[PDB]
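What's in protein-v5.tsv: TSV, N, CA and C atoms
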```tsv
chain	number	residue	atom	x	y	z
A	1	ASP	N	115.06	-154.30	-58.10
A	1	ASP	CA	115.40	-152.88	-57.73
A	1	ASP	C	115.53	-152.03	-59.01
A	2	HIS	N	115.79	-150.73	-58.85
A	2	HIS	CA	115.87	-149.78	-59.98
A	2	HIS	C	116.93	-150.22	-61.01
A	3	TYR	N	118.13	-150.55	-60.53
A	3	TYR	CA	119.23	-151.04	-61.38
A	3	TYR	C	118.81	-152.20	-62.31
A	4	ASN	N	118.28	-153.25	-61.72
A	4	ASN	CA	117.86	-154.43	-62.48
A	4	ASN	C	116.66	-154.12	-63.38
A	5	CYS	N	115.74	-153.32	-62.87
A	5	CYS	CA	114.54	-152.96	-63.64
A	5	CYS	C	114.91	-152.24	-64.94
A	6	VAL	N	115.70	-151.18	-64.81
A	6	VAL	CA	116.13	-150.37	-65.95
A	6	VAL	C	117.13	-151.13	-66.85
A	7	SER	N	118.10	-151.81	-66.25
A	7	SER	CA	119.01	-152.60	-67.09
A	7	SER	C	118.30	-153.71	-67.93
A	8	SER	N	117.18	-154.24	-67.44
A	8	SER	CA	116.50	-155.37	-68.09
A	8	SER	C	115.32	-154.93	-68.95
A	9	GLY	N	115.25	-153.63	-69.22
A	9	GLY	CA	114.25	-153.08	-70.11
A	9	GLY	C	113.08	-152.34	-69.50
A	10	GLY	N	112.91	-152.38	-68.18
A	10	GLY	CA	111.70	-151.84	-67.55
A	10	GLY	C	111.73	-150.38	-67.14
A	11	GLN	N	110.65	-149.95	-66.49
A	11	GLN	CA	110.62	-148.65	-65.90
A	11	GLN	C	109.96	-148.65	-64.52
A	12	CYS	N	110.45	-147.80	-63.63
A	12	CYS	CA	109.94	-147.68	-62.26
A	12	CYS	C	108.81	-146.66	-62.19
A	13	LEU	N	107.65	-147.12	-61.71
A	13	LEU	CA	106.45	-146.31	-61.59
A	13	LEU	C	105.80	-146.60	-60.25
A	14	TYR	N	105.40	-145.55	-59.53
A	14	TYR	CA	104.85	-145.72	-58.18
A	14	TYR	C	103.44	-146.34	-58.14
A	15	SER	N	102.59	-146.04	-59.11
A	15	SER	CA	101.24	-146.59	-58.98
A	15	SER	C	100.94	-147.58	-60.11
A	16	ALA	N	100.21	-147.18	-61.14
A	16	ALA	CA	99.86	-148.14	-62.22
A	16	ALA	C	100.95	-148.36	-63.28
A	17	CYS	N	101.10	-149.63	-63.71
A	17	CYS	CA	101.88	-149.94	-64.93
A	17	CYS	C	100.99	-149.68	-66.15
A	18	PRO	N	101.53	-149.04	-67.21
A	18	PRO	CA	100.64	-148.78	-68.35
A	18	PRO	C	100.24	-150.06	-69.13
A	19	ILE	N	99.17	-149.92	-69.91
A	19	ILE	CA	98.69	-151.01	-70.74
A	19	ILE	C	99.82	-151.68	-71.55
A	20	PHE	N	99.77	-153.00	-71.63
A	20	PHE	CA	100.81	-153.86	-72.29
A	20	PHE	C	102.15	-153.91	-71.58
A	21	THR	N	102.16	-153.52	-70.30
A	21	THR	CA	103.25	-153.84	-69.39
A	21	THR	C	102.65	-154.46	-68.14
A	22	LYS	N	103.50	-155.15	-67.39
A	22	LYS	CA	103.12	-155.83	-66.18
A	22	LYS	C	104.17	-155.63	-65.11
A	23	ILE	N	103.71	-155.71	-63.87
A	23	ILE	CA	104.52	-155.64	-62.68
A	23	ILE	C	105.43	-156.84	-62.64
A	24	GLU	N	106.72	-156.54	-62.71
A	24	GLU	CA	107.79	-157.52	-62.61
A	24	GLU	C	108.85	-156.94	-61.67
A	25	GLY	N	108.56	-156.99	-60.38
A	25	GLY	CA	109.51	-156.55	-59.38
A	25	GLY	C	109.20	-155.15	-58.93
A	26	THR	N	110.17	-154.56	-58.23
A	26	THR	CA	109.95	-153.27	-57.60
A	26	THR	C	111.16	-152.36	-57.78
A	27	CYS	N	110.98	-151.11	-57.39
A	27	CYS	CA	112.07	-150.13	-57.30
A	27	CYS	C	111.91	-149.29	-56.06
A	28	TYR	N	112.98	-148.59	-55.69
A	28	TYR	CA	112.87	-147.48	-54.70
A	28	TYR	C	112.48	-148.01	-53.33
A	29	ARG	N	113.31	-148.95	-52.85
A	29	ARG	CA	113.14	-149.60	-51.54
A	29	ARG	C	111.77	-150.21	-51.48
A	30	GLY	N	111.41	-150.84	-52.61
A	30	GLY	CA	110.15	-151.61	-52.78
A	30	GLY	C	108.85	-150.81	-52.85
A	31	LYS	N	108.95	-149.48	-52.91
A	31	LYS	CA	107.79	-148.60	-52.91
A	31	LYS	C	107.17	-148.33	-54.30
A	32	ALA	N	107.93	-148.61	-55.35
A	32	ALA	CA	107.48	-148.47	-56.72
A	32	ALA	C	107.53	-149.84	-57.45
A	33	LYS	N	106.82	-149.93	-58.57
A	33	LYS	CA	106.76	-151.14	-59.39
A	33	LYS	C	107.75	-151.05	-60.55
A	34	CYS	N	108.33	-152.17	-60.93
A	34	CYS	CA	109.07	-152.26	-62.14
A	34	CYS	C	108.06	-152.76	-63.17
A	35	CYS	N	107.83	-151.96	-64.22
A	35	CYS	CA	106.85	-152.29	-65.26
A	35	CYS	C	107.63	-152.68	-66.50
A	36	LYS	N	107.39	-153.91	-66.97
A	36	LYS	CA	108.06	-154.50	-68.15
A	36	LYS	C	107.13	-155.07	-69.21
```

Produce structure tokens that represent the structure in this file.
Amino acid sequence: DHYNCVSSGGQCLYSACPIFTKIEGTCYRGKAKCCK
């Protein structure tokens, strides 16, 4: 979720994760990606 994503270094993005990050979980009631 958003809390864990941001606390663990990531960012919540609805569509693509930018280059040199990868999808590691979700945010926003599972509608966005946590990119780390």

Determine, counting all atoms listed in the file, which protein, DNA and RNA residues have an atom within 8 Å of an atom of residue 30 in chain A; residues of the same chain fewer than 3 positions away are not included. Present the result as JSON, numbers by chain. {"A": [1, 2, 25, 26, 27, 33]}

Please produce a file of the residues just selected, as an mmCIF file, keeping the file's coordinate frame, where the atoms kept are N, CA and C atoms.
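Okay, this is what ended up in part35.cif:
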```cif
data_model
loop_
_atom_site.group_PDB
_atom_site.id
_atom_site.type_symbol
_atom_site.label_atom_id
_atom_site.label_comp_id
_atom_site.auth_asym_id
_atom_site.auth_seq_id
_atom_site.Cartn_x
_atom_site.Cartn_y
_atom_site.Cartn_z
ATOM 1 N N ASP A 1 115.060 -154.300 -58.100
ATOM 2 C CA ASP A 1 115.400 -152.880 -57.730
ATOM 3 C C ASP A 1 115.530 -152.030 -59.010
ATOM 4 N N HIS A 2 115.790 -150.730 -58.850
ATOM 5 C CA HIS A 2 115.870 -149.780 -59.980
ATOM 6 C C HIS A 2 116.930 -150.220 -61.010
ATOM 7 N N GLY A 25 108.560 -156.990 -60.380
ATOM 8 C CA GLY A 25 109.510 -156.550 -59.380
ATOM 9 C C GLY A 25 109.200 -155.150 -58.930
ATOM 10 N N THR A 26 110.170 -154.560 -58.230
ATOM 11 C CA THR A 26 109.950 -153.270 -57.600
ATOM 12 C C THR A 26 111.160 -152.360 -57.780
ATOM 13 N N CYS A 27 110.980 -151.110 -57.390
ATOM 14 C CA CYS A 27 112.070 -150.130 -57.300
ATOM 15 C C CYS A 27 111.910 -149.290 -56.060
ATOM 16 N N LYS A 33 106.820 -149.930 -58.570
ATOM 17 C CA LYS A 33 106.760 -151.140 -59.390
ATOM 18 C C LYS A 33 107.750 -151.050 -60.550
#
```

Report, in Å to a single decimal, how far apart CA of residue 3 in chain A and CA of residue 18 in chain A are. 20.0 Å

Selection near range 8-12 of chain A, 7 Å with only C-alpha atoms, sequence-local residues under 2 positions removed, as number ranges by chain: A: 2, 4-6, 14, 27, 32-36

Using backbone DSSP assignments, extract all alpha helix (DSSP H) residues from chain A; output them as a PyMOL selection string. chain A and resi 2-7

Can you tell me how far CA of residue 28 in chain A sits from atom N of residue 15 in chain A, in Å to one decimal?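 So the answer is 11.3 Å.
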
Taking the DSSP secondary structure from the backbone, can you list the residues of chain A that are strand (DSSP E or B), as a list in words?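 So the strand (DSSP E or B) residues in chain A would be residues 11, 12, 13, 23, 24, 25, 26, 27, 32, 33, 34 and 35 of chain A.
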
For the residues selected in the previous step, produce a file with N, CA and C atoms as a tab-separated table (two decimals), keeping the file's coordinate frame.
```tsv
chain	number	residue	atom	x	y	z
A	11	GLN	N	110.65	-149.95	-66.49
A	11	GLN	CA	110.62	-148.65	-65.90
A	11	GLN	C	109.96	-148.65	-64.52
A	12	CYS	N	110.45	-147.80	-63.63
A	12	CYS	CA	109.94	-147.68	-62.26
A	12	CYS	C	108.81	-146.66	-62.19
A	13	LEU	N	107.65	-147.12	-61.71
A	13	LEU	CA	106.45	-146.31	-61.59
A	13	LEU	C	105.80	-146.60	-60.25
A	23	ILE	N	103.71	-155.71	-63.87
A	23	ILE	CA	104.52	-155.64	-62.68
A	23	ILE	C	105.43	-156.84	-62.64
A	24	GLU	N	106.72	-156.54	-62.71
A	24	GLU	CA	107.79	-157.52	-62.61
A	24	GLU	C	108.85	-156.94	-61.67
A	25	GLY	N	108.56	-156.99	-60.38
A	25	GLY	CA	109.51	-156.55	-59.38
A	25	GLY	C	109.20	-155.15	-58.93
A	26	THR	N	110.17	-154.56	-58.23
A	26	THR	CA	109.95	-153.27	-57.60
A	26	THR	C	111.16	-152.36	-57.78
A	27	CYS	N	110.98	-151.11	-57.39
A	27	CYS	CA	112.07	-150.13	-57.30
A	27	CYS	C	111.91	-149.29	-56.06
A	32	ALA	N	107.93	-148.61	-55.35
A	32	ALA	CA	107.48	-148.47	-56.72
A	32	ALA	C	107.53	-149.84	-57.45
A	33	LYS	N	106.82	-149.93	-58.57
A	33	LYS	CA	106.76	-151.14	-59.39
A	33	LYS	C	107.75	-151.05	-60.55
A	34	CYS	N	108.33	-152.17	-60.93
A	34	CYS	CA	109.07	-152.26	-62.14
A	34	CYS	C	108.06	-152.76	-63.17
A	35	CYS	N	107.83	-151.96	-64.22
A	35	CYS	CA	106.85	-152.29	-65.26
A	35	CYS	C	107.63	-152.68	-66.50
```

Write range 19-35 of chain A as a PDB file, keeping the file's coordinate frame, completed to N, CA, C and O atoms.
```
ATOM      1  N   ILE A  19      99.170-149.920 -69.910  1.00  0.00           N
ATOM      2  CA  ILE A  19      98.690-151.010 -70.740  1.00  0.00           C
ATOM      3  C   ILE A  19      99.820-151.680 -71.550  1.00  0.00           C
ATOM      4  O   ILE A  19     100.734-151.013 -72.054  1.00  0.00           O
ATOM      5  N   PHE A  20      99.770-153.000 -71.630  1.00  0.00           N
ATOM      6  CA  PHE A  20     100.810-153.860 -72.290  1.00  0.00           C
ATOM      7  C   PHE A  20     102.150-153.910 -71.580  1.00  0.00           C
ATOM      8  O   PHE A  20     103.123-154.318 -72.171  1.00  0.00           O
ATOM      9  N   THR A  21     102.160-153.520 -70.300  1.00  0.00           N
ATOM     10  CA  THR A  21     103.250-153.840 -69.390  1.00  0.00           C
ATOM     11  C   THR A  21     102.650-154.460 -68.140  1.00  0.00           C
ATOM     12  O   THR A  21     101.448-154.294 -67.840  1.00  0.00           O
ATOM     13  N   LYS A  22     103.500-155.150 -67.390  1.00  0.00           N
ATOM     14  CA  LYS A  22     103.120-155.830 -66.180  1.00  0.00           C
ATOM     15  C   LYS A  22     104.170-155.630 -65.110  1.00  0.00           C
ATOM     16  O   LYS A  22     105.332-155.394 -65.411  1.00  0.00           O
ATOM     17  N   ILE A  23     103.710-155.710 -63.870  1.00  0.00           N
ATOM     18  CA  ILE A  23     104.520-155.640 -62.680  1.00  0.00           C
ATOM     19  C   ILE A  23     105.430-156.840 -62.640  1.00  0.00           C
ATOM     20  O   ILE A  23     104.978-157.996 -62.554  1.00  0.00           O
ATOM     21  N   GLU A  24     106.720-156.540 -62.710  1.00  0.00           N
ATOM     22  CA  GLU A  24     107.790-157.520 -62.610  1.00  0.00           C
ATOM     23  C   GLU A  24     108.850-156.940 -61.670  1.00  0.00           C
ATOM     24  O   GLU A  24     109.881-156.424 -62.101  1.00  0.00           O
ATOM     25  N   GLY A  25     108.560-156.990 -60.380  1.00  0.00           N
ATOM     26  CA  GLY A  25     109.510-156.550 -59.380  1.00  0.00           C
ATOM     27  C   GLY A  25     109.200-155.150 -58.930  1.00  0.00           C
ATOM     28  O   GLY A  25     108.103-154.625 -59.154  1.00  0.00           O
ATOM     29  N   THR A  26     110.170-154.560 -58.230  1.00  0.00           N
ATOM     30  CA  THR A  26     109.950-153.270 -57.600  1.00  0.00           C
ATOM     31  C   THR A  26     111.160-152.360 -57.780  1.00  0.00           C
ATOM     32  O   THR A  26     112.222-152.795 -58.215  1.00  0.00           O
ATOM     33  N   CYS A  27     110.980-151.110 -57.390  1.00  0.00           N
ATOM     34  CA  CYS A  27     112.070-150.130 -57.300  1.00  0.00           C
ATOM     35  C   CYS A  27     111.910-149.290 -56.060  1.00  0.00           C
ATOM     36  O   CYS A  27     110.810-149.210 -55.473  1.00  0.00           O
ATOM     37  N   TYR A  28     112.980-148.590 -55.690  1.00  0.00           N
ATOM     38  CA  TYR A  28     112.870-147.480 -54.700  1.00  0.00           C
ATOM     39  C   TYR A  28     112.480-148.010 -53.330  1.00  0.00           C
ATOM     40  O   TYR A  28     111.435-147.643 -52.761  1.00  0.00           O
ATOM     41  N   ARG A  29     113.310-148.950 -52.850  1.00  0.00           N
ATOM     42  CA  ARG A  29     113.140-149.600 -51.540  1.00  0.00           C
ATOM     43  C   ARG A  29     111.770-150.210 -51.480  1.00  0.00           C
ATOM     44  O   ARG A  29     111.040-150.092 -50.472  1.00  0.00           O
ATOM     45  N   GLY A  30     111.410-150.840 -52.610  1.00  0.00           N
ATOM     46  CA  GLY A  30     110.150-151.610 -52.780  1.00  0.00           C
ATOM     47  C   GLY A  30     108.850-150.810 -52.850  1.00  0.00           C
ATOM     48  O   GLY A  30     107.753-151.394 -52.893  1.00  0.00           O
ATOM     49  N   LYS A  31     108.950-149.480 -52.910  1.00  0.00           N
ATOM     50  CA  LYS A  31     107.790-148.600 -52.910  1.00  0.00           C
ATOM     51  C   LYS A  31     107.170-148.330 -54.300  1.00  0.00           C
ATOM     52  O   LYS A  31     106.045-147.853 -54.406  1.00  0.00           O
ATOM     53  N   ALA A  32     107.930-148.610 -55.350  1.00  0.00           N
ATOM     54  CA  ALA A  32     107.480-148.470 -56.720  1.00  0.00           C
ATOM     55  C   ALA A  32     107.530-149.840 -57.450  1.00  0.00           C
ATOM     56  O   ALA A  32     108.151-150.798 -56.968  1.00  0.00           O
ATOM     57  N   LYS A  33     106.820-149.930 -58.570  1.00  0.00           N
ATOM     58  CA  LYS A  33     106.760-151.140 -59.390  1.00  0.00           C
ATOM     59  C   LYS A  33     107.750-151.050 -60.550  1.00  0.00           C
ATOM     60  O   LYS A  33     107.990-149.962 -61.062  1.00  0.00           O
ATOM     61  N   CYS A  34     108.330-152.170 -60.930  1.00  0.00           N
ATOM     62  CA  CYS A  34     109.070-152.260 -62.140  1.00  0.00           C
ATOM     63  C   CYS A  34     108.060-152.760 -63.170  1.00  0.00           C
ATOM     64  O   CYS A  34     107.482-153.809 -62.962  1.00  0.00           O
ATOM     65  N   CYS A  35     107.830-151.960 -64.220  1.00  0.00           N
ATOM     66  CA  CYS A  35     106.850-152.290 -65.260  1.00  0.00           C
ATOM     67  C   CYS A  35     107.630-152.680 -66.500  1.00  0.00           C
ATOM     68  O   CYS A  35     108.455-151.902 -66.996  1.00  0.00           O
TER      69      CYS A  35
END
```
